[PDB]
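Report on the structure given below.
Number of protein chains: 2
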Amino acid sequence: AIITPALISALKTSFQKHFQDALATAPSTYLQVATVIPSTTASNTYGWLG
Amino acid sequence: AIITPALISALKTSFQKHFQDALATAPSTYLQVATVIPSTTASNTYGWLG
Numbered sequence: 002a003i004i005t006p007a008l009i010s011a012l013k014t015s016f017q018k019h020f021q022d023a024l025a026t027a028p029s030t031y032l033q034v035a036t037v038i039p040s041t042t043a044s045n046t047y048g049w050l051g
Numbered sequence: 002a003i004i005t006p007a008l009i010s011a012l013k014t015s016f017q018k019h020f021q022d023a024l025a026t027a028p029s030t031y032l033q034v035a036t037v038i039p040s041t042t043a044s045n046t047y048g049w050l051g
């Protein structure tokens, strides 16, 4: 006649991490639509002739 | 010739086991819809991070 706190609830229970980091995020797709340009200062300026 | 119909008429037979295992049962399928998580106590508690 063990008291409920020390029962299947807590005393008899094993922790498992099968659900961890299983639901993923949508795959990255920004490369297909955008291109990467590096920078090394506060801003970047672009110019073309015509 | 003449004989009781409970000895010869009963023993003039050849038992065969063709009918055994003639049919089958539906194949296992729960693998395609479930994973197997072994347990070592009364219950298993699961926890994952957000």
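Taken in order, these protein sequences are the chains called B and C. Per the entry's author numbering, the first sequence runs over residues 2 to 51. Per the entry's author numbering, the second sequence runs over residues 2 to 51. Heads up, the beta-carbon is just placed ideally off N, CA and C, and yes, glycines get one too.
Strictly below 9 Å CB to CB, what residues from chain B border residue i?
i                    : result
residue 48 (chain C) : 16, 17, 18, 20 and 21
Leaving out five residues before and five after residue i in sequence, what residues of the same chain have Cβ atoms less than 6 Å from its Cβ?
i                    : result
residue 55 (chain B) : Residue 55 (chain B) is absent from the structure shown; chain B starts at 2 and stops at 51.
residue 5 (chain B)  : none
> Should the segment 8-27 of chain B be called in touch with the segment 26-46 of chain C, which here means at least 3 C-beta pairs below 8 Å?
Replying inline: yes
> Along the segment 9-42 of chain C, what residues have a CB closer than 8 Å to any CB found in chain B?
Replying inline: 36, 38, 40, 41 and 42
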